[PDB]
> 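Below: one structure in C-alpha cells.
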2 protein chains.
Amino acid sequence: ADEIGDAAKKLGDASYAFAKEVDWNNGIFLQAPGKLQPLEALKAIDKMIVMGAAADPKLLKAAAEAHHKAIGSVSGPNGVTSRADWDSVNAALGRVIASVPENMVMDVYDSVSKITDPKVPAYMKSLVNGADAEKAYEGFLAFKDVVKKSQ
Amino acid sequence: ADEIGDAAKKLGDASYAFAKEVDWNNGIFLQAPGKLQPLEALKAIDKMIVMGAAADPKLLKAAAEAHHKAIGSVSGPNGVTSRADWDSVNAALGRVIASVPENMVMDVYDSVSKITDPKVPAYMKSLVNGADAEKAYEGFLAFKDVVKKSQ
Ligand code: CHL
Ligand code: CHL
Ligand SMILES: CCCCCCCCCCCCCCCCCC(=O)OC[C@H](CO[C@@H]1O[C@H](CO[C@H]2O[C@H](CO)[C@H](O)[C@H](O)[C@H]2O)[C@H](O)[C@H](O)[C@H]1O)OC(=O)CCCCCCCCCCCCCCCCC
Ligand SMILES: CCCCCCCCCCCCCCCCCC(=O)OC[C@H](CO[C@@H]1O[C@H](CO[C@H]2O[C@H](CO)[C@H](O)[C@H](O)[C@H]2O)[C@H](O)[C@H](O)[C@H]1O)OC(=O)CCCCCCCCCCCCCCCCC
Ligand SMILES: CC(=O)O[C@H]1CC(C)(C)C(=C=C/C(C)=C/C=C/C=C/C=C(C)/C=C2C=C(/C=C/[C@@]34O[C@]3(C)C[C@@H](O)CC4(C)C)C(=O)O/2)[C@](C)(O)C1
Ligand SMILES: CC(=O)O[C@H]1CC(C)(C)C(=C=C/C(C)=C/C=C/C=C/C=C(C)/C=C2C=C(/C=C/[C@@]34O[C@]3(C)C[C@@H](O)CC4(C)C)C(=O)O/2)[C@](C)(O)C1
Ligand SMILES: CC(=O)O[C@H]1CC(C)(C)C(=C=C/C(C)=C/C=C/C=C/C=C(C)/C=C2C=C(/C=C/[C@@]34O[C@]3(C)C[C@@H](O)CC4(C)C)C(=O)O/2)[C@](C)(O)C1
Ligand SMILES: CC(=O)O[C@H]1CC(C)(C)C(=C=C/C(C)=C/C=C/C=C/C=C(C)/C=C2C=C(/C=C/[C@@]34O[C@]3(C)C[C@@H](O)CC4(C)C)C(=O)O/2)[C@](C)(O)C1
Ligand SMILES: CC(=O)O[C@H]1CC(C)(C)C(=C=C/C(C)=C/C=C/C=C/C=C(C)/C=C2C=C(/C=C/[C@@]34O[C@]3(C)C[C@@H](O)CC4(C)C)C(=O)O/2)[C@](C)(O)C1
Ligand SMILES: CC(=O)O[C@H]1CC(C)(C)C(=C=C/C(C)=C/C=C/C=C/C=C(C)/C=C2C=C(/C=C/[C@@]34O[C@]3(C)C[C@@H](O)CC4(C)C)C(=O)O/2)[C@](C)(O)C1
Ligand SMILES: CC(=O)O[C@H]1CC(C)(C)C(=C=C/C(C)=C/C=C/C=C/C=C(C)/C=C2C=C(/C=C/[C@@]34O[C@]3(C)C[C@@H](O)CC4(C)C)C(=O)O/2)[C@](C)(O)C1
Ligand SMILES: CC(=O)O[C@H]1CC(C)(C)C(=C=C/C(C)=C/C=C/C=C/C=C(C)/C=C2C=C(/C=C/[C@@]34O[C@]3(C)C[C@@H](O)CC4(C)C)C(=O)O/2)[C@](C)(O)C1
Ligand SMILES: [Cl-]
Ligand SMILES: [Cl-]
Ligand SMILES: [Cl-]
Ligand SMILES: [Cl-]
Ligand SMILES: [K+]
Ligand SMILES: [K+]
Ligand code: NA
Ligand code: NA
C-alpha cells in the first residue's frame with residue numbers, strides 16, 4: 001500500500017460517476033481530436049515513447065496488468081469497468097507518472113494539446129453530466145498533488 | 001550482438017524498399033481496418049495488454065528507445081526512417097516477440113485478424129510496388145524463423 005493507492009480511492013469517489021456516464025463504446029475515440037496532423041501527432045507520440053522508455057519497467061508492467069483485469073469486469077451498456085478496477089488503474093497510472101521527470105509528463109501534455117481542437121473538451125463534456133465531469137476533474141487535481149509528492 | 005540482430009539485417013535487405021514506398025503520413029492508418037467493432041477490438045487490445053505484461057521489461061524499454069531514435073531520422077516525402085533505424089526497430093521487436101510464449105503472439109494475430117476486413121491487405125499492397133511487398137514478406141518469414149529459435 002502507498003499514498004498514491006490511498007489517493008486513487010478518493011479520486012474514485014470523485015470520478016466514478018463520470019466514468020459510468022462516458023460511452024466507452026463510442027467510435028469517436030478513434031478519430032483525431034480535430035484535424036489529423038500527422039507530423040505534429042508524431043512529435044506528441046515521440047514525447048510519449050520517450051516517457052515510456054524512462055518509466056520504471058515494473059510499474060509499466062503493473063499498469064498493463066491492471067488494465068487486463070479492468071477489461072474483465074466491464075459491464076452495462078457503456079462498457080464501464082468496476083469501481084475497484086477504476087481505482088486500481090488510476091493508482092497504477094499515478095505510479096508510472098511519478099516514476100519519470102515532471103518535464104517528460106508536461107512535454108506529452110503540451111504536444112497533445114497542440115493537436116487537440118479547442119472544441120473537443122466541451123464536446124466530450126456535453127455527453128456526460130457536467131457537474132460529474134467537474135467533480136471528476138477537481139478529484140484529478142487533488143490526486144495529481146499526491147502523485148507529484150512521490151515524484 | 002545476437003542472432004535476431006543478424007536476422008534483422010537480412011530482413012532490411014528484403015524489406016527496406018517496401019518501407020520507403022509506404023506513405024507513413026497517410027491518415028488512413030487511424031481508421032479501423034474495416035467496420036469499427038469496439039467489443040471485438042477490445043478483445044484484441046486485451047490480448048496485446050496481456051502480451052505486453054508478459055514481455056521482458058528491459059526489451060520493451062529497448063524497443064521504445066529504438067523507436068525514439070527512428071523518429072529522429074525520418075526524411076523524404078513518405079516519412080520513412082533510415083535503413084539503420086529500420087533494422088534496429090525490427091531487431092528490438094523481434095527480441096520482444098521472442099520473450100513471450102508463442103501462444104500469446106498467435107492470440108494477438110488471431111484477435112486482430114477477426115476485426116480486419118479481407119480487402120485490407122490487398123488495398124495496402126496496391127499503394128506500393130507489389131514485388132517489393134512480396135520480397136518484404138518473404139523476408140519476414142525468414143526473420144520469424146530466427147525469432148522462434150530464440151523463443
Ligand atoms: C482499452 C484500453 C484503454 C483505453 C480505452 C484507454 C483510454 C485512455 N487512456 Mg489509457 N486506455 C487504455 C489502456 C491503457 N492505457 C495505458 C496508459 C495510459 C496513460 C499513461 C494515460 C492514459 C490515458 C488514457 C486517456 C487518453 C485520452 C484522455 O486523456 O481522455 C481524458 C481522460 C479520461 C476520461 C480518464 C480519467 C482522467 C481523470 C482521472 C478524470 C477525468 C478528468 C477530466 C474530466 C477529463 C481529463 C482532463 C485532463 C487534463 C486530465 C483515455 C481515457 C491518459 C489520460 O487519461 O490523460 C489524462 C494518460 O495519461 N492511458 C496503458 C499502459 C499501462 C494501457 C494498457 O495497458
Ligand atoms: C510512430 C510510431 C509507430 C508507428 C507508426 C508504428 C506502426 C506499426 N507498428 Mg509499431 N509503430 C510505432 C511505434 C511502436 N510500435 C511498437 C511495438 C509494435 C509491435 C510489437 C508491433 C508493432 C507493429 C506495427 C504495425 C501494426 C500494423 C501492421 O501490422 O502493419 C503491417 C506491418 C508493417 C508494414 C511493418 C513491417 C512488417 C514486416 C517486417 C514487413 C512487411 C511484411 C508484409 C508486406 C506486411 C505485414 C504482414 C504481417 C502478417 C506480418 C505498424 C506498421 C506490429 C506489426 O508490424 O505486425 C506485423 C507489431 O507486431 N509495433 C512500440 C513499442 C516498442 C512502439 C513505440 O515505442
Ligand atoms: C495510431 C493511433 C495512436 C493513437 C494516439 C492517441 C493519443 C492522442 C489522442 C488525442 C486524445 C486527446 C483528447 C483528450 C481530451 C481530454 C483533455 C481535456 O478535456 O482537458 C480539459 C482541460 C480544460 O482546461 C483546463 O480547464 C481548467 C478549469 O478549471 C476550473 O474549473 C474546475 C472544475 O470545473 C475547477 O473548479 C478548477 O479548480 C478551476 O480552475 C483550468 O482552467 C486549467 O487551467 C485548464 O487546463 O483542457 C486542457 O487541459 C487543454 C489540453 C487538452 C489537450 C489534451 C490533454 C490530454 C493530455 C493527456 C495525454 C494523453 C495523450 C492521449 C493519449 C494517451 C494514451 C496513453
Ligand atoms: C485507440 C487506438 C488503438 C489502436 C489499435 C490499433 C491496432 C489494430 C489496428 C489494426 C491494424 C491491422 C491492419 C494490418 C494489415 C496488415 C496485415 C496483412 O496484410 O497480412 C497479410 C496476410 C496475407 O495472408 C497471408 O498470405 C500468405 C501468402 O504467401 C504466399 O506468397 C508469399 C509472397 O507473395 C510467399 O511466396 C509465401 O511463401 C507464399 O506462401 C500466406 O497464404 C499466409 O498463409 C497468409 O497469412 O494476411 C493475414 O495475415 C491475415 C491476417 C491479417 C490480420 C492483421 C494481422 C496483423 C497482426 C499484427 C498484430 C499487430 C496488431 C496491430 C497493432 C499492433 C501495433 C502494436
Ligand atoms: C496495440 C495496442 O493495443 O495499443 C494500445 C495502446 C495504448 C496506449 C496502451 C492504448 C491506449 C490509450 C488510447 C490510445 C487512448 C486514446 C484516446 C483518444 C481520445 C480521442 C478523442 C476524445 C477524439 C475526439 C474527436 C472528436 C471530434 C470532435 C468534433 O469533430 C466533431 C464531433 C464535429 C466538429 O464539428 C467539432 C469537433 C468537436 C472538433 C472529439 O470530441 O474527441 C490502447 C487503447 O490500449 C491501445
Ligand atoms: C517501454 C514501453 O512499452 O513503453 C510504452 C508505455 C506506454 C504506457 C504503453 C506508452 C504510452 C503512453 C504514455 C507515456 C502516455 C503519457 C501520458 C501523459 C499524460 C500527462 C498529463 C495528463 C499531464 C497534465 C499536465 C496538466 C497540467 C495542468 C495545469 O498546468 C495547467 C495547464 C494550469 C495550472 O494552473 C494548473 C495545472 C492543473 C497544474 C494536466 O492537466 O495534465 C507508449 C508510448 O506506447 C510506450
Ligand atoms: C472500449 C472499452 O470498454 O474500454 C474500456 C477499457 C477499460 C480499461 C476496461 C476502462 C477503463 C479505465 C480507463 C480507460 C481509465 C483511464 C485512466 C487514466 C488515468 C490517468 C492519469 C491518472 C493521468 C495522470 C497524469 C498526471 C500528471 C500529473 C502532473 O502533470 C500534472 C497534472 C502537474 C505537474 O506539475 C505534476 C505532475 C505530477 C507531473 C497524473 O497525476 O495522473 C473502461 C472505462 O471500462 C473502458
Ligand atoms: C481498431 C479499433 O477499433 O480500435 C478500437 C480500440 C478500443 C479500445 C476498443 C476503442 C476505444 C476506446 C477509447 C480509446 C476511449 C477513450 C475515451 C476517452 C474519453 C475522454 C473524455 C470523456 C474526455 C473529456 C474531457 C472533458 C473535459 C471537461 C472539462 O474541460 C471542460 C469542458 C471545461 C473545464 O472547465 C472543466 C472540465 C470538466 C475539465 C470531459 O468531460 O470528458 C475504439 C475507439 O473502439 C477503437
Ligand atoms: C499514446 C501512444 O503513443 O500510443 C502509441 C501506441 C503504440 C502501440 C506504441 C503505437 C503504435 C502502433 C500502431 C497503433 C499501429 C497501427 C496501425 C494501423 C493500421 C491501420 C490500417 C492498415 C487501417 C486501414 C483502414 C483501411 C480501410 C480500407 C477500406 O476502407 C476503404 C479504403 C474503402 C472500402 O471500400 C474498402 C476498404 C479497403 C476496406 C485499410 O486499408 O487499412 C504508436 C503509434 O506509437 C502510438
Ligand atoms: C507494460 C507495457 O507497457 O505494455 C505495452 C507494451 C506495448 C508493446 C507498447 C503494447 C503493445 C502492443 C503489442 C503487444 C503488439 C503485439 C503484436 C503481435 C504481433 C503478432 C504477429 C504479427 C503474429 C503473426 C503470426 C503469423 C502466422 C502466419 C502463419 O501461420 C499462418 C497464418 C499460416 C502458416 O502456414 C505460416 C505462418 C507464416 C507461420 C503472422 O504472419 O504474424 C501495449 C499493448 O500497449 C502494452
Ligand atoms: C508517421 C510516421 O512517420 O511514422 C514513422 C514512425 C517510425 C517509427 C520512425 C517508422 C518506422 C518503423 C516502423 C513503423 C517499423 C515497424 C516494424 C514492425 C515489426 C514487427 C515485427 C518484426 C513483428 C513480428 C511478429 C512476429 C511473430 C512471429 C511468430 O508468430 C509467427 C509469425 C509464427 C509463430 O509460429 C512463431 C512466432 C515467432 C511467434 C515476428 O517474428 O516479428 C517510420 C517507417 O519512419 C514511420
Ligand atoms: C491522433 C493522431 O493523429 O495520431 C496519429 C499518430 C501517427 C503515428 C502520426 C499516425 C500514424 C501512422 C501509422 C499508425 C502507420 C501504420 C502503417 C501501417 C501500414 C501497413 C501496411 C503497409 C500493410 C500492408 C499489408 C500488405 C499485404 C500484402 C500481402 O498480403 C497480400 C495483399 C497478398 C499476400 O499474398 C502477400 C502480401 C505481400 C503479404 C502490404 O503490402 O502492406 C497517424 C495515422 O497519423 C495518426
Ligand atoms: Cl492502506
Ligand atoms: Cl501535419
Ligand atoms: Cl555481429
Ligand atoms: Cl462490436
Ligand atoms: K457547471
Ligand atoms: K505479384
Ligand atoms: Na523498479
Ligand atoms: Na530481463
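Values below: every heavy atom of this structure, side chains too, minus hydrogens, waters and symmetry copies. Residue numbering restarts at 1 for every chain, and letters A, B, ... go by the order of the sequence lines. Counting starts at 1 for both ligands and their atoms, following the listed order.
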> Is the shortest distance from a heavy atom of B/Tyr109 to ligand 11 less than 4.0 Å?
no
> Are any of the side-chain nitrogens in A/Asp13 or A/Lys135 under 4.0 Å away from the carboxylate oxygens of its partner?
no
> Would you indicate which of B/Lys20, B/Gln151, B/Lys144 comes nearest to atom 29 (C) of ligand 11 when only heavy atoms are counted?
B/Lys144
> Looking only at protein heavy atoms, which one is nearest to atom 44 (C) of ligand 5, and how far off is it?
B/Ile45 CG2, 4.4 Å
> Kindly determine whether B/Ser15 and B/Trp86 satisfy side-chain hydrogen bond (donor to acceptor under 3.5 Å, both in side chains), including the steps that lead there.
CA-CA 9 Å; B/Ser15 65; B/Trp86 179 248; 2.9 Å; yes
> Can you confirm whether something in the protein, heavy atoms only, sits under 4.0 Å from atom 40 (C) of ligand 5?
yes
> Are A/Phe29 and A/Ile45 grouped together when hydrophobic residues (ILVMFWY) are joined by side-chain heavy atoms under 4.5 angstrom apart?
no
> Mark up the atoms of ligand 12 that fall under 4.0 Å of a heavy atom belonging to B/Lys125, in ascending order.
28 (C), 32 (C), 40 (C), 41 (O)
> Please check if a non-hydrogen protein atom sits closer than 4.0 Å to atom 7 (C) of ligand 12.
no
> Number the atoms of ligand 11 from 1 as they appear, then name those within less than 4.0 Å of a heavy atom of B/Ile71, with their elements.
9 (C)
> Is there a polar contact between ligand 11 and B/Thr81, counting only N or O atoms under 3.5 Å apart?
yes
> Quick one: does atom 32 (C) of ligand 12 have a protein heavy atom under 4.0 Å from it?
yes
> Specify the protein heavy atom at minimum distance from atom 26 (C) of ligand 5: its residue, its atom name, and the distance to 0.1 Å.
A/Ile28 CD1, 3.8 Å
> Which atoms of ligand 11 are found less than 4.0 Å from any heavy atom of B/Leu93?
17 (C), 18 (C), 19 (C), 20 (C)
> Could you tell me the residue and atom name of the protein heavy atom closest to atom 42 (O) of ligand 11, and the distance to it rounded to 0.1 Å?
B/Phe140 CE1, 3.5 Å
> Quickly, which of A/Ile28, A/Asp117, A/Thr116, A/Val112 forms a side chain to side chain contact (heavy atoms under 4.5 Å, CB included) with A/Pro33? Name it, please.
A/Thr116
> Going by a strict under-4.0 Å cutoff (protein heavy atoms only), does atom 23 (C) of ligand 5 have a neighbour on the protein?
yes
> Answer side chain, backbone, both or neither: which part of A/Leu30 comes under 4.0 Å from ligand 5, heavy atoms only.
neither
> Looking only at distances, can you tell me whether any N or O atom of B/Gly79, backbone or side chain, sits closer than 3.5 Å to an N or O atom of ligand 11?
yes
> Which ligand 12 atoms, with their elements, are less than 4.0 angstrom from a heavy-atom of B/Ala122?
32 (C)
> For atom 34 (C) of ligand 11, what is the closest protein heavy atom, and at what distance to 0.1 Å?
B/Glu102 OE2, 3.3 Å
> Under 4.0 Å from atom 16 (C) of ligand 5, is there at least one protein heavy atom?
no
> Which atoms of ligand 11 sit under 4.0 Å from any heavy atom of B/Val74?
9 (C), 45 (O)
> Output the list of atoms in ligand 11 that are nearer than 4.0 Å to some heavy atom of B/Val89, sorted by atom number.
15 (C)
> Give the atoms of ligand 11, by number and element, whose distance to some non-hydrogen atom of B/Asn90 is under 4.0 Å.
17 (C), 18 (C), 19 (C)
> Under 4.0 Å, heavy-atom basis, I'd like to know which part of A/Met124 is in contact with ligand 5: side chain, backbone, both or neither.
side chain
> Could you tell me which atoms of ligand 12, counted from 1 in the order shown, lie closer than 4.0 angstrom to a heavy atom of B/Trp24?
12 (C), 17 (C)
> Can you tell me which residue and heavy atom of the protein come closest to atom 9 (C) of ligand 12, and the distance to 0.1 Å?
A/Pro38 O, 3.6 Å
> Let me know which of B/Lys148, B/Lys144, B/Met51 forms a side chain to side chain contact (heavy atoms under 4.5 Å, CB included) with B/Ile97.
B/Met51
> Please check if the side chain of B/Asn78 supplies one atom and the backbone of B/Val80 the other of a donor-acceptor pair under 3.5 Å.
no
> I'd like to know if B/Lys149 and B/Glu3 make a salt bridge, using a cut-off of under 4.0 Å between side-chain N and carboxylate O.
no
> What distance do A/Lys69 atom NZ and A/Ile71 atom CD1 have between them, rounded to the nearest 0.5 Å?
12.5 Å
> Taking heavy atoms and a distance under 4.0 Å, where does A/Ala32 meet ligand 5: side chain, backbone, both or neither?
backbone
> Where do A/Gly94 and A/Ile4 come nearest, in terms of heavy atoms and distance?
O-CD1, 3.8 Å
> Please determine whether a side-chain nitrogen of the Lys or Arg among A/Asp87 and A/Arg83 lies less than 4.0 Å from a carboxylate oxygen of the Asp or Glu.
yes
> Under the 4.0 Å line, does any protein heavy atom show up next to atom 46 (C) of ligand 12?
yes
> Please state which protein non-hydrogen atom is closest to atom 30 (O) of ligand 5 and give its distance, to 0.1 Å?
A/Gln31 OE1, 4.9 Å
> In a check of side chain to side chain contact (heavy atoms under 4.5 Å, CB included) between B/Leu59 and each of B/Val96, B/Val100, B/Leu93, which one passes?
B/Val96
> To check your reading of the model: name the closest protein heavy atom to atom 36 (C) of ligand 5, its residue, and the distance in Å.
A/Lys119 CD, 4.2 Å
> Do you know which two heavy atoms are closest between B/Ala92 and B/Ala66, and how far apart they sit?
CB-CB, 4.2 Å
> Going by the order shown, which atoms of ligand 11 are within less than 4.0 Å of some heavy atom of B/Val80?
45 (O)
> Mark up the atoms of ligand 12 that fall under 4.0 Å of a heavy atom belonging to A/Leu36, in ascending order.
3 (O), 45 (O)
> Within the side chain of A/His67, is there an N or O that forms a donor-acceptor pair under 3.5 Å with the backbone of A/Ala63?
yes
> Can you sort out which atoms of ligand 12 are near B/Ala133, meaning under 4.0 Å from one of its heavy atoms?
38 (C), 41 (O)
> If you apply the rule side-chain contact (heavy atoms from CB on, under 4.5 Å), what do you find for A/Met104 with A/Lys47, and how did you get there?
CA-CA 7 Å; A/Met104 286 189 181; A/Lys47 292 304 187 164; over 6 Å; no
> Specify the protein heavy atom at minimum distance from atom 2 (C) of ligand 12: its residue, its atom name, and the distance to 0.1 Å.
A/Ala41 CB, 3.8 Å
> What protein heavy atom is closest to atom 1 (C) of ligand 5, reported as residue, atom name and distance in Å?
B/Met48 SD, 2.9 Å
> In ligand 12, which numbered atoms sit nearer than 4.0 Å to a non-hydrogen atom of B/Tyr137?
39 (C)
> Relative to the heavy atoms of B/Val147, which atoms of ligand 11 are at a distance of less than 4.0 Å?
38 (C), 41 (O)
> Within the 3.5 Å criterion, strictly below it, is a donor on A/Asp85 or A/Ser82 matched to an acceptor on the partner's side chain?
yes
> Check ligand 12 against B/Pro121 and write out every atom of the ligand that is under 4.0 Å from a heavy-atom position of the residue.
26 (C), 27 (C), 30 (O), 32 (C)
> I'd like to check which ligand 11 atoms, numbered from 1 as shown, lie under 4.0 Å from a non-hydrogen atom of B/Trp86.
12 (C), 13 (C), 15 (C)
> Under 4.0 angstrom from atom 13 (C) of ligand 5, is there any protein heavy atom?
no
> Between B/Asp2 and B/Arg95 (salt bridge meaning N to carboxylate O under 4.0 Å), is one present in this structure?
yes
> Among protein heavy atoms, which sits nearest to atom 19 (C) of ligand 5, and what does the distance come to when rounded to 0.1 Å?
A/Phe29 O, 3.9 Å
